[PDB]
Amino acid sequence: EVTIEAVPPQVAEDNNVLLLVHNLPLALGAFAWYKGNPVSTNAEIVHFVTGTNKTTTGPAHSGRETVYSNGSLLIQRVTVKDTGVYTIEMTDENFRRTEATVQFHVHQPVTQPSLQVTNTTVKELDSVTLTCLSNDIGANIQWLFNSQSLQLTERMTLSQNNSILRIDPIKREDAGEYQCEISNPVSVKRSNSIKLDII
């Protein structure tokens, strides 16, 4: 059976993907790539005929998609709108058709976040709130302590998708350096550190 893999499965905006088809039958009459599944005429990206080397761009072409005779499709300069599933439909020497599906997700890279704190000097048993300042909607926020992952406890409280970390009551051992790290499957950035002095 044929199998495709996205190269890469997760893709930055403006980068490329190869839809890499393994085990394309050798005796294909033609194949064609369609946006989404199941196969529809509107969705046709490209149609390639084996014997004649003839390409015809469908309604879904956007001037970025290149087909190779080995079945694989290169999409260059991707957008988040290109996310989703794609199908190759293959007609054999007779006129029998087979399908194969593949998907890939494309993300915008995360922007550089900042770390503000309510107060650097604070008294044991006070509260303190750290805020990860990012414009990035729907990004993954993780917290760090002296360059390693923060072990969360009963004393802590994450709000607004982890951008607000409040610690209460603070303790002798919370003294250290804090960063927030912001990520998606394609990119990651760390904030400035905030040093914290306890008394």
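Numbers for residues come from their place in the sequence shown, where the first is 1.
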Average Cα temperature factor in the PDB entry - higher stretch of 49 to 57, 149 to 157: 49 to 57
Of 83 to 91 vs 118 to 126, the stretch with the larger average CA B-factor in the entry is 118 to 126
Going by the entry, which third of its chain does the Cα temperature factor of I164 land in? lowest
Going by the recorded CA B-factors, say which third of the chain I194 sits in, lowest, middle or highest. middle
For the chain shown, is the CA B-factor of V110 in the lowest, middle or highest third of its modelled residues? lowest
Place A139 in the lowest, middle or highest third of its chain's C-alpha B-factors, as listed in the PDB entry. middle
Lowest, middle or highest third: where is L26 by C-alpha B factor in its chain? highest
